[PDB]
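One chain comes next, on its own, written out as structure tokens in the form deposited in one PDB entry.
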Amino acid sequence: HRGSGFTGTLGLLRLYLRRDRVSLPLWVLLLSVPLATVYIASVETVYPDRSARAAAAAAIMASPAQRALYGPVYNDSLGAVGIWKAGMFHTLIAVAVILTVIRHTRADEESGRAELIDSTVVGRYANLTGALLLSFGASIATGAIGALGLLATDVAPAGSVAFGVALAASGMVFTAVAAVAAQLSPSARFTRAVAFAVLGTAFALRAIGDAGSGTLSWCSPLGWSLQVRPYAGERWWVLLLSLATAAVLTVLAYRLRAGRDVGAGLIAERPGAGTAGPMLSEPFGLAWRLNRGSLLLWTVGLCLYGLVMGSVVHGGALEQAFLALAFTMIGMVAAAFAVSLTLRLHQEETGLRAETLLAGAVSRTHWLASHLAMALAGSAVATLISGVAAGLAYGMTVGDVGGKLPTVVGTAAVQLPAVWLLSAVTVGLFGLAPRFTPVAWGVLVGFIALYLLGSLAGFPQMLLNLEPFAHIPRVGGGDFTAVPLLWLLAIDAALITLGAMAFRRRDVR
């Protein structure tokens, strides 16, 4: 008696919510507080005049390269100009909700906790509903806090509410995508890859559309957030387009969960091979075999993104400025790639598969430098390929490809020390405090925040030196000293050698 498929949802929600009580408040505050205190606040000092904002609004609609990244500007009002750079939060919130949903649904279910939970009196959809409730609540909280903060400023009141609801809707559209994608494969990494491919496609379509006519910006969940048009005449009804989609997606997710056999996905497995080829006989070969798909996917994605940022660039004092800013994002994404490749060491050790390997003819360095070498090589290859693609596209759309290609390749390659520094940090953490290895992500996020909110908030030029992305030189003409590159490489080497020397004297438990 009294049994529904949702029984036990509240308890699962309350033990998911206590699993992450340090991450959720931090990333909910980080995407909501610096809207009325940084972005809107620093428009009365950079553009402190009614006629000064007109020139800035004219210099945005007359340059496709700049409005590919951020979106168009529809008037010279204070709210529209100030919030223009804040149109990047719609992608960060999507990343956050995707990661949270996958982490709570597929990450633990793959580790063997689904059998422990479902054998109890919990319902069938208790786990999915718990995770969706958590993510929807977070995406409401961030939008509500942002709107409440913006309502305390001199901007129009309607636009603040419009932006808050737009942020919440963009957070909700991709939670459903993550829920649908978590029902596909019995591997968490593949589900994350499928979920993030959709977000990458949406961003690429948004950029291509908004750098031109704009009619292609209606075909991507991002874009339905920019056409709400806060502070420029609100299109309220477009919110329905972002609300009628989630309800269609979510009702599909539950359906995929209906008959699915906890532990599986959609396609049954296939037999492999009975013998190991003469390549899988070493830690290097095993490490490469585990990381083929990730490297291929990341390389293809970064190439496709570079092929667009190098084409919208030219429809020399602004071309260099934009090509030095479109590659910092690629540097950050490649740093995330490096960290995700390096954490496979901690994943192996916590899974009791390090002992099986180190109880053989493998030293605690021929094993470390089998994931570390892959992390340092895959990121470099991806960044260089993206740079070549962008340079080729830019040269082709100008007319000559033999002149600009070396400059763009150099601009892409000078990001490498700041990409390897994150692998260095992770390896240094794995060898002193192995349990505290997954905080490397936090460090990365910190750096990103300090890059975005740092200069605008007016921090002194000594707290802004604590990030590596601000020290990278400029390739082209002057402004190239190559001194920060040597310092960054030395720091990477020091961190890596300390992490490696602290692993050789430790207990593998």
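Numbering starts at 1 and runs along the sequence shown.
Below, we refer to the form deposited in another entry, which is not included among the displayed structures.
Hinge annotation between the shown form and the other one, restricted to 321, 267, 85, 116, points to 267 (rigid-part boundary). Legend note: Cα of residue 434 to Cα of residue 106 is at least 3 Å farther in that other deposited form than in the depicted form.
Compared with the form shown here, the Cα atoms of residue 93 and residue 466 move at least 3 Å farther apart in that other deposited form.
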